[PDB]
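# Breakdown of the fold
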2 protein chains.
Amino acid sequence: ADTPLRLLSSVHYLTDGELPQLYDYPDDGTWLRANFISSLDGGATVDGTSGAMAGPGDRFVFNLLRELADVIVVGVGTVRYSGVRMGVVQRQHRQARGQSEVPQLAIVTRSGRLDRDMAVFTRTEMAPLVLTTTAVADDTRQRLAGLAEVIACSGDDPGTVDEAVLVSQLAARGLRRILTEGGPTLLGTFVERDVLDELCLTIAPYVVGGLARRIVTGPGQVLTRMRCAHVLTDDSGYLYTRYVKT
Amino acid sequence: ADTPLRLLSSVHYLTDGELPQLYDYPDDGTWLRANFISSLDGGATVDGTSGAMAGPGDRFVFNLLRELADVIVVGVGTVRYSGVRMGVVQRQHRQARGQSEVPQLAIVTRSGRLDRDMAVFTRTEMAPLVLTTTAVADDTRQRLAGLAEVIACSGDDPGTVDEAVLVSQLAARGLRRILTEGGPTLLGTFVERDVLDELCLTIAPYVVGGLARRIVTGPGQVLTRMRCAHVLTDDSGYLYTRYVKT
Ligand SMILES: NC(=O)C1=CN([C@@H]2O[C@H](COP(=O)(O)OP(=O)(O)OC[C@H]3O[C@@H](n4cnc5c(N)ncnc54)[C@H](OP(=O)(O)O)[C@@H]3O)[C@@H](O)[C@H]2O)C=CC1
Ligand SMILES: NC(=O)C1=CN([C@@H]2O[C@H](COP(=O)(O)OP(=O)(O)OC[C@H]3O[C@@H](n4cnc5c(N)ncnc54)[C@H](OP(=O)(O)O)[C@@H]3O)[C@@H](O)[C@H]2O)C=CC1
């Protein structure tokens, strides 16, 4: 008559002061966290973007995770982003933690082919980082002189990005608390290379049908077990989950 | 300082007697329930099947949902299934509910092109139903004489299946409590045609990377809101969710 199953139910209302402890980074070491939203049937997009599906809670969560991060890493696909916005209180919180007032943005591109004309370069407090390959880093540095710091992230193939090198290059610059929000190609590479430490996933209570892509894309296939650290909900039936690599 | 967020936690251990009430069908009317499993990053398969990812709880849940159903509807893709197995106690439970001892199997095929040589026809207590189009129903009836009951499920196009007609044809035969377990093409059609009443989804705590398909496939795009009826968990960090159409 016994089963391994237990009913979950809401046991505690969270104040905005208790949220940071549920999502804090470790005290030490580098930590790469992803934060994505998807539908129940695994779809990442509605009309080409993720925004349509966001829950009453998602803005507390998405804004908190940006506030906690040293750097937000984004793929060049989804940039096409502006400078991350921090409000007054967010800046104060960051300072009290000894971080910069606003997190750095880091754009991953294998080819380095970003035009000087982009909002990631224009509407922003801080020169973004461009993470790219050894093969193209010098040319890219020259082309983006003044607009971005360009960093070579290659492993044994100077024509590709090694995602473990990428994470160590950020940590070498004091950016060890890393957040990524997209896109699916980038996330797929972190998952394929087994460098993703934690996935925060908002499960939106919709089905969207078969057209949408998943939150990850690409040829990778892995089977990486994660531990469920927490599940939050709201009155709208969204689940805000946090899973950390076992 | 207040947020819409609430922490979920386990509040009640479920006995196998309490599970049926969490998953019961309505008293009246037809009800189409889906039961699927997917990874955290929205992948439906590991090495081409769903079985590798199943949780300690999934066998209580998958077996219960089969036990409760009048008919299990499956697409011809994933059949390539045998007769659903019911143990002694499952048969007793069904009888006490006034149902057949074993649920019917119903195979959906647009072309009707199933060979007489299949385990769905061979290793089974009960002739399965074949749900197909008006255009091909008579030929199909003759070819499968003795092995299956063939039912025309077309709407205004005699060359296609109308999924609402499909559900009413089952209900007309006393099979109003319907379960589907696959595959993604079929599920995508139920979602696209807005005839899916409830989705029971097991969220497995793995990431699998970008190669896998979603639990639904096909060109459909919808935005159908569902209410979260419950979330169960186990010690392995699986979530067993039940969402019902709002
Ligand atoms: N559901 C959700 O939460 C989210 C949805 N989205 C969505 O992301 C979509 C667009 O994303 P998409 O362009 O497909 O994916 P990506 O943002 O990840 O970027 C694809 C491009 O980014 C670069 N890139 C990514 N990753 C890597 C790597 N490891 N090494 C080198 N280069 C890399 C490549 O740049 P290059 O070609 O220059 O070499 C590549 O062409 C949008 O539809 C947006 O809505 C995005 C994030 C969150
Ligand atoms: N993660 C999970 O829980 C699950 C995973 N799986 C998987 O399903 C996969 C195979 O499934 P797949 O073949 O792609 O999909 P389907 O089982 O849904 O079937 C595709 C075929 O089934 C028929 N079919 C489906 N739906 C309809 C409809 N509304 N009208 C008419 N005909 C229809 C068609 O038959 P025809 O061509 O003859 O006309 C079609 O070619 C496997 O990989 C299996 O592991 C499946 C279910 C659960």
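Residues numbered from 1 in each chain as written, not as in the entry; some residues may be left out. Chains lettered and ligands numbered in written order. Heavy atoms only, no water. Residues with missing side-chain atoms left out of burial classes, pairs and counts.

The record lists X-ray crystallography as the method behind this PDB entry and 1.9 Å as its resolution.

Residues and elements named next belong to chain A. In the region of ligand 1, 25 residues are neighbours, and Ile37, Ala44, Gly77, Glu163 and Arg213 sit closest. Contact between ligand 1 and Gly48: an oxygen atom at 2.8 Å from a main-chain N or O atom of the residue. Side-chain polar atom of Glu163 to a nitrogen atom of ligand 1: 2.5 Å apart, as the coordinates give it. Look at ligand 1: alone it shows 930 Å² of surface, and the protein chains cover 79% of it. Elements represented by at least two residues in the shell around ligand 1 include exactly β2 (31–39), α3 (76–79), β7 (177–182) and α8 (184–192). Counting residues per element, the shell around ligand 1 draws most heavily on α8, which supplies four residues. Taken together, the residues that form the shell around ligand 1 break down as eight nonpolar, 13 polar and four charged. (Near = heavy atom within 4 Å. Polar contact = N/O pair within 3.5 Å; in protein donor to acceptor, adjacent residues only side chain to side chain. Areas by Shrake-Rupley, 256 points an atom, 1.4 Å probe, with all protein chains shown as cover. Helix = DSSP H or I, 4+ residues; strand = E, 2+ residues; numbered from the N terminus. Nonpolar A, V, L, I, M, F, W, Y, C, P; charged D, E, K, R; others polar.)

Attention now goes to the packing of helix α2 (residues 58–68) of chain B against helix α4 (residues 88–96) of chain B. Residues and elements named next belong to chain B. At a closest axis distance of 9 Å, the pairing of α2 and α4 adopts a crossing angle of 40°. Relative to α4, the element α2 lies oblique. Crossing of α2 over α4 shows right-handed handedness. Contacts from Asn63, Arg66, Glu67 and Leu68 in α2 reach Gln90, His93 and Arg94 in α4. Residue classes in the contact of α2 with α4 are distributed as one nonpolar, three polar and three charged. (Axes fitted to C-alpha atoms, helices over the stretch in contact; angles between N-to-C directions. Parallel < 35°, antiparallel > 145°, perpendicular 65-115°, else oblique. Left-handed = near helix turned anticlockwise from the far one by under 90°. Contact = heavy atoms within 4.5 Å.)

Moving on to the nonpolar core. Formed by 74 residues in total, the largest nonpolar core has its most connected members in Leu170 of chain A together with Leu170 of chain B. In contact with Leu170 of chain A, other than residues within four places in its own chain, are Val71, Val73, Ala106, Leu129, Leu131, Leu175 and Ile178 of chain A. (Core = buried A, V, L, I, M, F, W, Y, C linked by side-chain atoms within 4.5 Å. Buried < 20%, exposed > 50% of the residue type's maximum accessible area, 1.4 Å probe, protein only.)

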